[PDB]
Amino acid sequence: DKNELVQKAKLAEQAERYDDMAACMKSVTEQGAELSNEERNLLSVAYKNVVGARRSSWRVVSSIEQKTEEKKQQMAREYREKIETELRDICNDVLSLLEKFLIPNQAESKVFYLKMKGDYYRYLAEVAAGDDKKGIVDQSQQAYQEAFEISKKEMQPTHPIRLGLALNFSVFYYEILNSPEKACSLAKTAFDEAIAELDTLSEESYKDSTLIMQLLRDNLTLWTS
Amino acid sequence: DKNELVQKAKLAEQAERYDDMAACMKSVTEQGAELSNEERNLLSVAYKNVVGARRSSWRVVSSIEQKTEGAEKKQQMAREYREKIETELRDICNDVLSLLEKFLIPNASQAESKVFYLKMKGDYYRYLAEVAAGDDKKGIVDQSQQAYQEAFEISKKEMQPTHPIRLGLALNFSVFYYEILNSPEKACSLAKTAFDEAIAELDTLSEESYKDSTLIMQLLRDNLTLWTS
Amino acid sequence: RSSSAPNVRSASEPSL
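Protein chains in written order, with the authors' numbering: chain B, 2 to 70, 73 to 108, 111 to 230; chain A, 2 to 230; chain C, 362 to 369, 726 to 733.
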């Protein structure tokens with residue numbers, strides 16, 4: 002039953018080991034049910050952490066390779084490729100689950118899954134090479150576009166999902182597209198729109214929204230710098 | 002060649018992907034050649050990190066289980082998950098143990114190396130003892146104690162407490178007496194004797210050895226207060 | 362580097 006699977010995932014989360022959390026949430030979702038915001042949040046936490054550890058590793062290894070002046076560099080490249088294949092496999096594992104069960108099925114839900122798709126394509130873009138780097142980003146912008154449309158039409162600017170879209174889409178614009186002006190425009194738009202509801206935020210989302218806006222302000226400083 | 006695996010281990014370390022670092026040094030162990038102190042340290046760090054993660058996980062799940070003993074079926078499922086963690090922790094410990102027993106301990110020629118590997122064997126058996134119960138616990142604890150005592154008797158003859166590996170041995174040996182032998186007075190007596198034996202020559206240590214020694218002695222002093230408290 | 366989204726007792730012998 003889905004309830005027991007959700008409980009086992011929760012247990013893995015508490016144990017602070019996420020691979021089994023993700024592997025349990027994967028089979029929770031294969032039931033084709035609409036994941037409620039709790040299990041949805043658990044699924045996001047699970048795959049985000051599972052990929053994040055590999056992401057850090059990749060960045061570190063890429064830095065070491067660049068620090069090379073040989074079998075040393077060859078080996079570094081090979082480890083990097085191993086990490087990337089692992090990260091690619093997990094991202095594909097998530098994207099196919101969303102495409103086969105979550106994205107085929111509320112506006113908020115729609116936007117969350119589409120944003121997730123975009124972000125996973127973006128994590129691929131961080132590791133991608135060749136002309137397909139464009140195809141990966143293309144599919145990411147496609148999802149982010151559907152997310153931005155659904156959110157602009159059915160999400161108040163107070164919604165954390167609507168802000169996360171702009172924040173990540175802007176990160177995409179600066180890190181993948183090297184367009185700081187494109188990033189700062191959408192970011193400032195979202196930031197001022199949230200400020201237009203600065204006192205309208207919910208008791209919990211005040212902290213959520215302000216944290217997102219703080220990160221927005223910081224990366225805005227970075228891209229303007 | 003293991004020379005390449007050394008770089009591979011450092012790479013796996015910087016990435017915080019200790020599993021690969023361990024897999025690298027494991028094959029460096031199977032080379033049969035004597036590990037240099039640098040490689041020895043790498044292997045120590047590698048398995049210490051890999052076991053530690055499961056140790057933390059096990060303590061967390063175990064605590065959750067004991068906190069919810071009144072929850073029926075979900076408690077049962079939590080127990081199944083806990084055992085599924087324990088088998089992993091045990092396998093990691095047995096892996097390192099068999100590696101030490103069949104390659105490093107048989108080959109160790111240096112008194113220093115002998116002490117380091119015997120200590121490590123004791124430490125990993127202790128981590129198993131923490132997990133085990135009954136006769137399983139008894140057998141694991143006995144061999145752990147045997148290894149620590151063997152290392153202690155060797156180091157007492159071959160190294161001053163002015164060397165950090167001897168202090169490391171005393172700290173861990175005292176933790177075993179307290180946490181596994183359920184002998185807190187024995188633990189405190191052992192820890193204090195090592196600490197004051199170190200104090201007697203504490204200003205004679207070299208620039209690095211004094212830093213290392215102080216880093217261990219401060220733990221000795223703090224464990225002494227924690228246990229006496 | 363950029364920034365991205367948020368989520369939703727014994728004294729043992731220390732290492733070197």
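Here a beta-carbon is modelled for each residue, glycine too, at the ideal position from N, C-alpha and C.
Beta carbon of residue i nearer than 7 Å to that of residue j
i             : j        : result
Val61/B       : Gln15/A  : yes
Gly169/B      : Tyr149/B : no
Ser145/A      : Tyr128/A : no
residue 570/C : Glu180/B : No coordinates exist for residue 570/C; the numbering of chain C passes from 369 to 726 with nothing in between.
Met22/A       : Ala34/A  : no
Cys25/B       : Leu43/B  : no
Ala130/A      : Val142/A : yes
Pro165/B      : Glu202/B : no
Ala171/B      : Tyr178/B : no
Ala195/A      : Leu225/A : no
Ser727/C      : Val176/A : yes
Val132/A      : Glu87/A  : yes
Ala72/A       : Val116/A : no
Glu159/B      : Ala112/B : yes
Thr30/A       : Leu98/A  : no
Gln77/A       : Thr69/A  : no
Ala199/B      : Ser214/B : yes
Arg83/A       : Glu102/A : no
Short CB-CB distance (under 7 Å) between residue i and chain C
i        : result
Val176/B : yes
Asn173/A : yes
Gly169/A : yes
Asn42/A  : yes
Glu154/B : no
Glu113/A : no
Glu198/A : no
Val29/B  : no
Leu220/B : yes
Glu180/A : yes
Contact set between residue i and chain A, taken where Cβ atoms lie within less than 8 Å
i       : result
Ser57/B : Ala16 and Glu17
Neighbouring residues, chain C, relative to residue i (Cβ below 7 Å)
i        : result
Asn224/A : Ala728
Which listed residue (the options) has its alpha carbon closest to that of residue i
i        : options                                   : result
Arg91/A  : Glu113/A, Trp59/A and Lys103/A            : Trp59/A
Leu220/B : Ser114/B, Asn173/B and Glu209/B           : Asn173/B
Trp228/B : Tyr211/B, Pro185/B, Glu198/B and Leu101/B : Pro185/B
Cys94/B  : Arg18/B, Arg55/B and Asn4/B               : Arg55/B
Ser64/A  : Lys158/A, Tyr118/A and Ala79/A            : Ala79/A
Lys3/A   : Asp20/A, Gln32/A and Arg18/A              : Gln32/A
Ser156/A : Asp204/A, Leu216/A, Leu119/A and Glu81/A  : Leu119/A
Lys138/B : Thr205/B, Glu66/B and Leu182/B            : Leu182/B
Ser28/B  : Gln8/B, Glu208/B and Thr215/B             : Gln8/B
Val369/C : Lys103/B, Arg18/B, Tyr19/B and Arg41/B    : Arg41/B
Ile106/B : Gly140/B, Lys85/B, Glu81/B and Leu36/B    : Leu36/B
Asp96/B  : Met121/B, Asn108/B, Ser114/B and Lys74/B  : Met121/B
Cross-chain neighbours of residue i in chain B, by beta carbon under 9 Å
i       : result
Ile65/A : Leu12, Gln15 and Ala16
Amino acids of chain C, ordered along the chain, whose beta-carbon sits closer than 8 Å to that of residue i
i        : result
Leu216/B : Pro367
CB contact check: residue i to chain B, cutoff 7 Å
i        : result
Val46/A  : no
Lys68/A  : no
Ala79/A  : yes
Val142/A : no
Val61/A  : yes
Partners in chain C for residue i, counting only beta-carbon separations shorter than 9 Å
i        : result
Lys49/A  : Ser732
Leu227/B : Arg362, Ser363 and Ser364
Closer than 9 Å at the beta carbon, the chain A residues around residue i
i       : result
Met22/B : Per Cβ cutoff of 9 Å: no residues; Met22/B is ~11 Å from chain A at best.
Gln8/B  : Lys75, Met78 and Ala79
beta-carbon residue i near the ligand GDP non-hydrogen atom, thresh 6 Å
i       : result
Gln77/A : Among the components of this structure there are no ligands whatsoever, and the ligand GDP is therefore not found.
Interface residues of chain B facing residue i [CB-CB closer than 8 Å]
i      : result
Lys3/A : What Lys3/A touches in chain B: nothing, since even the nearest Cβ is about 13 Å away.
Neighbour flag for residue i against chain A, beta carbons, 7 Å
i       : result
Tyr82/B : yes
Whole runs of the alpha helix (DSSP H) within the stretch 25 to 92 of chain A, excluding any shorter than 4 residues: 38 to 68
Could you give the uninterrupted runs of the alpha helix (DSSP H) lying entirely in the stretch 154 to 216 of chain A, keeping only those of 4 residues or more? 165 to 180 and 185 to 200
Alpha helix (DSSP H) runs contained entirely in the stretch 99 to 140 of chain A, provided each spans 4 or more residues: 112 to 132
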